[PDB]
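One chain is shown next in structure tokens, namely the form deposited in one PDB entry.
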């Protein structure tokens, strides 16, 4: 087929051709745990993530493979990453410090003040007074510690998995263009305003992916463990920059206090985008949105060990 229907609307199954880059991510909170000439990406027996990435680059020879990294890497470590790119010409190491996300950002005071106003406009007998008090306390904390804290500055390395989860969604907003904005060479055959296929480093390719067809050009991982189905992070495929489903999620992150990249940006953003009146089941949405591929063994860490839990 060439279209699918969901919540009463028809959506074309849009192509992500074999150009569309794959993107892995490695945000490293403690790069001093690697040798100062070692590639600072986990590569243990239980988490063989650099090998998995290399193995994907070998399989997907004709396609760019981005590694989206962050952390306080040594010069020697950056040179080891440069050497990886020499050894596998399709790998492009993108430093999160080389991208500008200011167009997506918002001050935490602003979010808190907007939520306080809205709550105080509601009657005392109507409103969520516990929330109102929680938000006023978050505001006090920010004003005391760092008044200029923003959504983005707040999702830093000190926040565990929130650091990489938040920045992953930001990178997906940029899409293919992030390769160009970070000054990566040999990325000029990427489509301008193009998309990418984000994969967790334990999503093992066993053979080429080829051309993908996704509804409205978007799809996400679903777990089926079991008998059980949920949206999951860990595969995010888009055919274009600023996918409106992801923009919708960002609007939720800008209006909610305590917005979560998984629960709010990704899950509610997508579901509110494709099924805003909530007329169809969640399991049906999972089926509609599911990234399916027979040449990926998905989430292999859950059969071994989590790299951060």
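Residue numbers count along the first chain shown, from 1. We call the rigid core whatever largest set of C-alpha positions still superposes within 1.5 Å between the two forms.
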Per the entry, higher mean C-alpha B factor between 21-29 and 6-14: 6-14
182-190 versus 163-171 - which carries the larger mean C-alpha B factor in the record: 182-190
Largest Cα B-factor, entry values, listed residues 218, 111, 235, 229: 229
Highest-ranked of 239, 146, 100, 154 once sorted by CA temperature factor in the record: 146
Residue 118 CA temperature factor, ranked by third within the chain: highest
Residue 76 - which third its CA temperature factor falls in, relative to the rest of the chain: middle
Third of the chain, ranked by Cα B-factor, where residue 35 sits: highest
Ranked against its chain, the third holding the CA B-factor of residue 259: middle
Ranked C-alpha temperature factor of residue 96 among modelled chain residues, by third: lowest
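One more form of this protein exists, namely the form deposited in another entry; it is left out here, but the text below deals with it.
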Core-superposed comparison between this form and the one not shown - Cα displaced by 2 angstroms or more, from 157, 208, 78, 89: 157
Residue 187 C-alpha shift between this form and the one not shown of 2 Å or more, rigid core reference: no
Rigid core fit then residue 231 CA moved by 2 Å or more between this form and the one not shown: no
After fitting the core, residue 31 CA displacement of 2 Å or more between this form and the one not shown: no
Cα-Cα shift for residue 261 and residue 182, closer or farther in the other form, minimum 3 Å: farther
Closer or farther in the other form, the Cα atoms of residue 31 and residue 159, when the shift from this form is 3 Å or more: closer
